[PDB]
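FYI, the numbering for the sequence shown is 102 to 166, 169 to 340, going by the deposited numbering. Positions of the beta carbon are idealized from the N, C-alpha and C atoms, including for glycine. Only one structure is covered here, and it is reproduced in the block below.
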Amino acid sequence: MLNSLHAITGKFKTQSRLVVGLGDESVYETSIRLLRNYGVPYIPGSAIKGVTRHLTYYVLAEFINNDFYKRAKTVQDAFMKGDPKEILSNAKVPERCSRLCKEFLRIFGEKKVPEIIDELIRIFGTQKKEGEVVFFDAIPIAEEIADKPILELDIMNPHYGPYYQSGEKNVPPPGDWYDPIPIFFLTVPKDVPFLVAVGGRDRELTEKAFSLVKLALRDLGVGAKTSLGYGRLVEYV
């Protein structure tokens, strides 16, 4: 059949090293990774969706007006937990835009604010609505891997917290810490090729989604330690 979905794809290489946590691998996941991809894990589409979500809450925080971190938390909670349409009703395009904001507005052309909220509702979904775009897993392109990638194995623990916080902070913040669960992480070298894709019935909606994903992989990153610059991917040939 094929899904009858429009699949927008591109080829991406790791611009900086990519740090990926190994979960509980199914036999399938282990099969592909060991036998096809020289041990290189994939990037879950849910992670691609998350970072792309995050990008849009960050930009849209510039569209309402207190402290920035509070606004971002508002936009994020609205899209993910509540009704974004209702809460961001009075959003207006800002006087001064960030670069990410500029890039965002280039994707969504001459569409007005309450309209773009709708396209984003459709792309990602909400608590009441199904998302109309599939965020596929980003997968190593085995044949285009020149030499056998040298992989590093390290152990780290997770610490969870709100991304947006008052004042400067360090992490984990005082009184808080990592959880007592050791996790394997593989570090993937630069210039490892991944296939990246999104799908949906609406071709133009799906294309916009792809553009956001591009934007998010170049400037925000996936995997762990992204704040140190790890996990950036850029399109090639």
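Restricting to Cα atoms, I'd like to know which of the options is closest to residue i.
i: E246; options: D170, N138 and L331; result: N138
i: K188; options: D257, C200 and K232; result: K232
i: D250; options: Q179, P292 and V121; result: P292
i: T290; options: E130, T131, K176 and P142; result: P142
i: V301; options: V216, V295 and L315; result: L315
i: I220; options: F238, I244, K195 and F239; result: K195
i: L298; options: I284, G332, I286 and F313; result: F313
i: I149; options: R209, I242, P296 and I210; result: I242
i: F287; options: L336, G122 and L331; result: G122
i: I190; options: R209, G212, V216 and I210; result: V216
i: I258; options: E206, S192, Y281 and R134; result: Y281
Contact defined as beta carbons within less than 8 angstroms: I believe residue i pairs with residue j. What is the distance between those atoms, to the nearest angstrom?
i: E222; j: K311; result: 7 angstroms
i: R306; j: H107; result: 4 angstroms
i: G111; j: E338; result: 5 angstroms
i: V295; j: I248; result: 7 angstroms
Over the uninterrupted alpha helix (DSSP H) stretch that includes residue i, give me the two end residues.
i: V160; result: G146 to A162
i: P187; result: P187 to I190
i: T177; result: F171 to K184
i: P265; result: First-last for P265: undefined, no H or E at that position.
Please report how far the alpha carbon of residue i lies from the alpha carbon of residue j, in whole angstroms.
i: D170; j: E255; result: 40 angstroms
i: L308; j: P277; result: 43 angstroms
i: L103; j: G264; result: 40 angstroms
i: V236; j: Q268; result: 30 angstroms
i: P283; j: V128; result: 27 angstroms
i: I224; j: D279; result: 34 angstroms
i: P261; j: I253; result: 25 angstroms
i: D125; j: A181; result: 31 angstroms
i: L331; j: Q230; result: 33 angstroms
Please list the terminal residues of the continuous beta strand (DSSP E) segment that includes residue i.
i: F287; result: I286 to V291
i: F211; result: Looking at the DSSP string, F211 is not in any beta strand (DSSP E), and its letter there is neither H nor E.
i: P217; result: Looking at the DSSP string, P217 is not in any beta strand (DSSP E); the run it does join, the alpha helix (DSSP H), is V216 to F227.
i: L123; result: First-last for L123: undefined, no H or E at that position.
If I measure Cβ to Cβ from residue i and keep anything under 8 angstroms in the same chain, skipping five residues before and after, which residues do I get?
i: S105; result: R304
i: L203; result: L156, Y159, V160, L318 and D322
i: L208; result: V196 and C200
i: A327; result: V120, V121, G122, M259, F288, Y333 and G334
If I measure Cβ to Cβ from residue i and keep anything under 7 angstroms in the same chain, skipping five residues before and after, which residues do I get?
i: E163; result: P197, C200, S201 and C204
i: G228; result: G234
Using a Cβ-Cβ cut-off of 6 angstroms (strictly less than) and excluding sequence neighbours within five positions of residue i, which residues of its own chain qualify?
i: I165; result: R174 and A194
i: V325; result: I144, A148, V152 and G334
i: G146; result: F238, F239 and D240
i: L320; result: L336
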